[PDB]
Each structure stands twice: as C-alpha cells, then as structure tokens.
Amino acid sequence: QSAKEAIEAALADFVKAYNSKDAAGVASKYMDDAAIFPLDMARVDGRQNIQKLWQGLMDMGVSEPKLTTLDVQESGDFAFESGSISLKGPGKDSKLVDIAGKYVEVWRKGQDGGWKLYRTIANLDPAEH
C-alpha cells in the first residue's frame, strides 16, 4: 500500500525483467518521456533510448542488479526516491567485477494508477574509461 512498498515492488519487477534479458519489459517501467541523467555522461531521453541503454548493458555482460531503496516520499502524482545499486560488469581488463553506484529518482503516477520512472540521476562509484 505504501508508496515506498509500491516502488520497491516495481523495482522487483524491474530486476526480474532485466535478469530475463527483457529490455522492452525493463523499458515499460518508464514513462514515455522519461529521462536518465548519468552524471558526467550524456543524458538518455525517451523510452526506446532507455531500452537501448539497458539492452546495451545486457550485451556488455552486465548482470545481477541489486537495488537498495532508502526513503520514499510522495508529493502529488510524484514520488521521490533515493537509493543505491550494485551489479556485475566488465572492467577495463574485461574481467567481471562488482560495480556500485548511487541514485536519486522521481516516479510518476501514470495512466493506470501504477508508478513509472520519470527522472533518474545516477553515478558510478569510483573504482572502464
């Protein structure tokens, strides 16, 4: 019932879609005009480009995403969330290592009543060029 519990549930489906290598399913968790802002990197705009991003990560051999949601605050048709992510991905030596990052993001109640991602700002913890 809680917005926090609703988002954590949505992120649970997010992880399942990714581990099934279903980039379209992953992208369906986003608003059509959603945007991702990786810090010191190019922003990714629109559902299809976001699908391309997650598909690209799958192709790289990125796997086992683990999401840790901190607090979630509701404001009108928006929900504000902060959290952290850990996953397995290739280093500059092509070897698979544990990679971590932090994020804040804004969800929006779509046409349905369900929560969909709208804005995400994220960074990879220092540790590929």
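Throughout, we count residues from 1 along the sequence that is shown.
Unmodelled residues of the deposited sequence between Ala127 and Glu128: 1 to 3. The question of which stretch, 37 to 45 or 89 to 97, has the higher mean Cα B factor is settled in favour of 89 to 97. Between 107 to 115 and 18 to 26, it is 107 to 115 that carries the larger average Cα temperature factor according to the deposited entry. In the PDB entry, a CA B factor belonging to the highest third of its chain's modelled residues is recorded for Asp77. In the deposited entry, the Cα temperature factor of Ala9 sits in the top third of values across the chain's modelled residues.
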